[PDB]
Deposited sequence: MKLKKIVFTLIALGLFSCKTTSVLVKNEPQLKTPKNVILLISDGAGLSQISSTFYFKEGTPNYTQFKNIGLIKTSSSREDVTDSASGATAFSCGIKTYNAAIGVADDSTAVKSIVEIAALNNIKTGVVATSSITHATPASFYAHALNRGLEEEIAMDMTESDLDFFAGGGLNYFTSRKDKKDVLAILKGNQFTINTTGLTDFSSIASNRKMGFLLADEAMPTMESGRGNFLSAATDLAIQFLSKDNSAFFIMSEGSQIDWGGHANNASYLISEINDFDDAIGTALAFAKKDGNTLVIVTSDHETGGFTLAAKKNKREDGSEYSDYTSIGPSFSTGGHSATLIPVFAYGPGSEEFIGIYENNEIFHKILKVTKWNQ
């Protein structure tokens, strides 16, 4: 009932309908079918019925409701301790993986504290002050082509990071590093449609092997970042290709957890985007053909639907039922007994 390790996978912008696309548009059975314990979260922020990713992720990373655009700060704008900082005090190794820039609102709410999510140069500099042990994502520009002219990589190397800006490597290439960071694009990683391939699964496997090196317990947040961008663009093949990749990472996590026996895997989203619907195909006589799906959208923004939570591993029963998003944080602390 007490997990040693926690992997949190966040599919940005995926409601149940986006999840459902994997049951129609992906070869084979989705890894979602492996879960038995399922819950539901209410995703409103402290001030807005519709959340953004910043307050959405800060509800998970810090266990409070805060205003849209906040990174790691409470509604009154004061810094709050995150699960990464708490994990560091409990001797837990930590890693953050994302297919957006590593400074984007979701990863950022795990290692920075900023008044507004668009302060991405401040966020990059904030990593220099975090106990983060591993990261992988885009966003090389935020560390090396800055308004202030500073070389943030040099500071990170001073803090014991090895940084790779060229490719994800084998685990044998990084096993002896103390901390490891990958910055593999200037801004966001490529889309799956532009050849990103299995970055998310590979990077999440690297984080697991790296952070568990010396029998240390770990916490990892891996984010399927571009699902939401698909929803905002009302671009169905973009959305579906990104969520199928995210379902591959879920299989990666779960294959490790099932063998390990001491790992809790939580999958959820921050909010839904686009009103994405698996509607019947539309024909011109305009009528429906229920034999076939034609994905449609109703909005270019986020929506307030409750969002599914999936949990596998010791303590996974704590995540069933219907609760506010910020209680994800408290439920993790409860089952791991990591102290605050």
Counting from 1 along the deposited sequence, which stretches were left out of the model? 1 to 31, 317 to 320
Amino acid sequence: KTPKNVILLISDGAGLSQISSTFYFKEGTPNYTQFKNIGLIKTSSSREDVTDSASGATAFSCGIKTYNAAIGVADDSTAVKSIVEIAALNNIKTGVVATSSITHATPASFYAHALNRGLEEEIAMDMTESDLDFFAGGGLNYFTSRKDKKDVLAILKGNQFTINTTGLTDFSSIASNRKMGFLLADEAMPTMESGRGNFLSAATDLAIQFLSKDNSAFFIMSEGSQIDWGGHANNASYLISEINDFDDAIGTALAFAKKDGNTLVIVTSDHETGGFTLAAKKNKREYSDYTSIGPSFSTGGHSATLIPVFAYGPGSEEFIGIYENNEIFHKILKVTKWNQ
From here on, numbers count along this sequence of modelled residues.
Look over 113 to 121 and 149 to 157 in the entry and identify the one with the greater average Cα temperature factor. 149 to 157
Selected stretch [higher average CA B-factor]: 260 to 268 or 162 to 170: 162 to 170
Top Cα B-factor in this entry, restricted to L89, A108, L239, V73, sits on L89
Based on the PDB entry, the highest CA temperature factor among the options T78, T252, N244, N235 is that of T78
Where the record places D126 (Cα B-factor, split into thirds across the chain): highest
CA B-factor placement of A98, once the chain's modelled residues are sorted into thirds: lowest
Please place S225 in the lowest, middle or highest third of its chain according to the CA B-factor in the PDB entry. lowest
Third of the chain, ranked by Cα B-factor, where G181 sits: middle
When the deposited Cα B-factors of this chain's modelled residues are ordered and cut into thirds, is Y287 in the lowest, the middle or the highest one? highest
